[PDB]
Number of protein chains: 2
Amino acid sequence: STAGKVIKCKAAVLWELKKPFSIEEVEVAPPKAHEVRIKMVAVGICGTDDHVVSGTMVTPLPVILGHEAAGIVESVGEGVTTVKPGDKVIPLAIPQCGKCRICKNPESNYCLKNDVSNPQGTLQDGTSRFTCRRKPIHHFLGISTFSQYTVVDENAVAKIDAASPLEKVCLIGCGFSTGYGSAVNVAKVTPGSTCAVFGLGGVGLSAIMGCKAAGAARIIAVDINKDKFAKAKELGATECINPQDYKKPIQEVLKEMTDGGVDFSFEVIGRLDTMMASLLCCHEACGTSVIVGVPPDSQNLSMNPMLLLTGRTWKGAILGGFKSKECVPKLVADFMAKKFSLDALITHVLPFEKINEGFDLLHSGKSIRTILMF
Amino acid sequence: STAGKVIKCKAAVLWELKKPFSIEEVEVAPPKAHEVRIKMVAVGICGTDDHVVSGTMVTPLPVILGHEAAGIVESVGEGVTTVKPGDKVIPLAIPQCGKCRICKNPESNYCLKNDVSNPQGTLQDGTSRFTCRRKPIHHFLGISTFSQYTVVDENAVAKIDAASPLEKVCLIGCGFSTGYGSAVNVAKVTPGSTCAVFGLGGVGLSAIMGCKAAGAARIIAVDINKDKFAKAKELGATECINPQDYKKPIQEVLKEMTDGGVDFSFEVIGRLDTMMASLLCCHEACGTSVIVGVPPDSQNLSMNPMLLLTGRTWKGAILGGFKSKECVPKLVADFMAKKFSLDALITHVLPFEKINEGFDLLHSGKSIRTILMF
Ligand SMILES: NC(=O)c1ccc[n+]([C@@H]2O[C@H](COP(=O)([O-])OP(=O)(O)OC[C@H]3O[C@@H](n4cnc5c(N)ncnc54)[C@H](O)[C@@H]3O)[C@@H](O)[C@H]2O)c1
Ligand SMILES: NC(=O)c1ccc[n+]([C@@H]2O[C@H](COP(=O)([O-])OP(=O)(O)OC[C@H]3O[C@@H](n4cnc5c(N)ncnc54)[C@H](O)[C@@H]3O)[C@@H](O)[C@H]2O)c1
Ligand SMILES: O=CN(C1CCCC1)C1CCC1
Ligand SMILES: O=CN(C1CCCC1)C1CCC1
Ligand SMILES: [Zn+2]
Ligand SMILES: [Zn+2]
Ligand SMILES: [Zn+2]
Ligand SMILES: [Zn+2]
């Protein structure tokens, strides 16, 4: 069998920054108390993974990235009770310990057990389960899904519908939920409102989805890559504009187009200039601007407090404000009920081994979501 | 009588920055179409008035400041229908034209007819009604109340209960409403929550009032002036702390005493450092921080967007989010029904001529609100 013993398998290891992933053989130690070992089936490529590669988002190296996945439970550790061998699961990039001041808070989701605030690169108990040639490998967001097998904490995995198309539902682990929820939960987009979405990757496009589902009258998609416009309009964008086409700042362009500014703006890129423009594009007296994109480490904005004093609301969120373990299975249950489709987001599918090609596709601007099959 | 003719009276004119006000004779032109001439009875001294004097809040000079007042209608111009001569009224520092996108949005109050965004120092028709020594004098926030008589736009004045104690209710024209609403309307403080209020002037203390009325469990008042602590506790503060007493930054001090941070932060001072500390002291995963204080002109904050990405909401508002013309009379109606007291906020009462003393009182930290009687 496999249960109880160290598994030898392949995973995409990142030894140095700005380097290609190296699929090597890694040793995956068995699950400990309240931990779960999962056999990865599908994993999507998110901009956040690329941020680590570029050194934009700091995390301890060497490390095994990936966090937008789905697989089957191989073994359960001592005391696990929510999932069992053979169950279909989605590992949670943000856990739900249930005992947190935040977890007990019906309005928030950023559990204290997260490894995002002060990245250690381990499991919640302070240790690693990965080894590549006698050297320990760090975990990423507590789930490290760019591996054929991974051990995560029990509160960091949710059991989903067994009839789930894992190659599709994996996007619910980050991309879709983050995008959709930012519009629905965080911003609370009102019917008949006007929205602005900067960034048309998988997360940004899911935000347009959330805006349409919320009944937005107008949904202006913004991106320097025009090839994304078709997918944008398909998913709900009333209009698409490219900043490169105008002589004046995009915020002014947008304000001119919407009688002073949009009701809800979203930044789904991860840049300071677009974050500012996004805040500046919502109406100064009633606009709400949500930060979705992850900005480069240790880079600060230069903001005027007056921009808020007039009546603006500026907020941010992780995973669309969704409590992970509790909502993820619910989102999957809504997918199975044809509430929303994930197909338009998936443009490419390659085998796990072609991971580096998947990142090349992202940089090319040709893909939205590329799913890696194990 | 006076109706239809130019009135000669005294007003506090500010010819130059950083100088004492100068009581002089001023010619007040009669009200034009949809304008109202008010005889001032009482006017409070707000920190915003002081900001103009300090050059911290830019506005055209020379100018007649004052905006927290109450008076009686002397005359109405052509077409006025909301108020008649003899009516007790509170002039609105921010108007409610009722015809703009913002006035039409029941969620906002920053009417486009405001003179705050791009201060012109005139009435809505782009002109002045003030002349002092053959030189025109600018208006302030369209109301200029540091004058025995003033002409304002019709949408910038509200008829209030004729049985109102004008020496008390003037505070509803800015100070109280702004502080109280910031807590109740803007922040939307929840029963059983923990709040932090930076700044204990009239506005700050009214915020504590709003937090208590909202059912907050803990209300931590913060100020470098300990003499304000008694009033703070009297109005609802569960505890008062002075930053000067700790070795570590106040935001860390507050987090340590609130399990990671308060649910709602309020900055009611007008400084970049305190606005940053305030944002930093609310919990990163569920905290809301409201900017109430007016920051110094042309000064920007250096902030990391990650502070919001984890789950924080950062907002601002003017006049506590209250639609002026509509809510002012109702707030007075509530005062008359003993819903709230304004007495604790009023610490000094001087005749209009002692205006400079009133500002000296603000600087000394001995006063909260000083009311000037005409
Ligand atoms: N808060 C969260 O929970 C959360 C979750 C997932 C992702 N993210 C962050 O969201 C951001 C992007 O998500 P993604 O996975 O869809 O990435 P992506 O790379 O596929 O999308 C980037 C999009 O932005 C566009 N873009 C880049 N520069 C632009 C510019 N200057 N102006 C306009 N458009 C520009 C690109 O053309 C592309 O359409 C990253 O910061 C990612 O880390 C945050
Ligand atoms: N947004 C609005 O609609 C609105 C309305 C009215 C006033 N305001 C602004 O709100 C702010 C306060 O108004 P106010 O009339 O109550 O002023 P105030 O002068 O009476 O209050 C300032 C308070 O802050 C305290 N303070 C100063 N420096 C401090 C520090 N470093 N740390 C802690 N406390 C400090 C002072 O001791 C005093 O208690 C001003 O910026 C005013 O312009 C805004
Ligand atoms: O890319 C995915 N995530 C990023 C990591 C840093 C900010 C959000 C998610 C949210 C769950 C982890
Ligand atoms: O001082 C009073 N106000 C200031 C002007 C600029 C910001 C708020 C009020 C709110 C109504 C006018
Ligand atoms: Zn992601
Ligand atoms: Zn938790
Ligand atoms: Zn004021
Ligand atoms: Zn208006």
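Chain identifiers are assigned alphabetically (A, B, ...) following the order of the sequence lines, protein sequences preceding nucleic acid strands; residue numbering begins at 1 within each chain. Note that these values count all heavy atoms, side chains included, but never hydrogens, waters or copies made by symmetry.
Rounded to the nearest 0.5 angstrom, B:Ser324 OG and B:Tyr110 OH are separated by 12.5 Å. The SG atom of A:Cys174 lies 12.5 Å from the CZ atom of A:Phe322; values are rounded to the nearest 0.5 Å. Rounding to the nearest 0.5 Å gives a distance of 10.5 Å between CG of A:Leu92 and SG of A:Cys327. Atoms CZ and OG, on B:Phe264 and B:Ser193 in that order, are 5.0 Å from each other to the nearest 0.5 Å. A distance of 4.0 Å separates CD1 in A:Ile220 from CE in A:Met257, rounded to the nearest 0.5 Å.
Heavy-atom distances place the side chain of B:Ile102, and not its backbone, under 4.5 Å from chain A. Contact of A:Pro295 with chain B is made through the side chain alone, with heavy-atom distances under 4.5 Å. Looking at A:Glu267, neither its backbone nor its side chain comes within 4.5 Å of chain B, counting heavy atoms on both sides. For a residue to count as touching a neighbouring chain, one of its non-hydrogen atoms must lie under 4.5 Å from one of that chain's; by this rule B:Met275 touches chain A with the side chain only. For a residue to count as touching a neighbouring chain, one of its non-hydrogen atoms must lie under 4.5 Å from one of that chain's; by this rule B:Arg101 touches chain A with the side chain only. No part of A:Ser289 comes within reach of chain B, as not one of its non-hydrogen atoms sits under 4.5 angstrom from that chain. Residue contact with chain A, scored on non-hydrogen atoms closer than 4.5 Å, involves the backbone and the side chain of B:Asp263 alike. With a threshold of 4.5 angstrom between heavy atoms, B:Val292 approaches chain A through N, CA, C or O but not through any side-chain atom. With a 4.5 Å cut-off on non-hydrogen atoms, B:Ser298 does not touch chain A at all.
Listed options A:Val116, A:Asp297, A:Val294, A:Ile318 were ranked by heavy-atom pairs under 4.5 angstrom with chain B; first place goes to A:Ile318. Contact count versus chain B (heavy atoms, under 4.5 Å) is highest, among A:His283, A:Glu284, A:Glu107, for A:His283. Interface remark: of the candidates B:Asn300, B:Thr313, B:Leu309, B:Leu309 forms the most heavy-atom pairs closer than 4.5 Å to chain A. Across A:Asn105, A:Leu319, A:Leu307, A:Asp259, the residue that shares the most heavy-atom pairs under 4.5 angstrom with chain B is A:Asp259.
Considering B:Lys323, B:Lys113, B:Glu326 as possible partners of B:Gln96, the one that fulfils the side-chain hydrogen bond (donor to acceptor under 3.5 Å, both in side chains) test is B:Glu326.
For the pair B:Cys103 and B:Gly98, the tightest heavy-atom approach, listed with the atom from each and the gap, is SG-N, 3.2 Å.
The aromatic rings of B:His67 and B:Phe140 sit perpendicular to each other, their planes meeting at more than 60°, with 30° as the lower class boundary.
Ion pairing of A:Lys255 with A:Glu252 is absent here, as no side-chain N (NZ or NE/NH1/NH2) approaches a carboxylate O to less than 4.0 Å.
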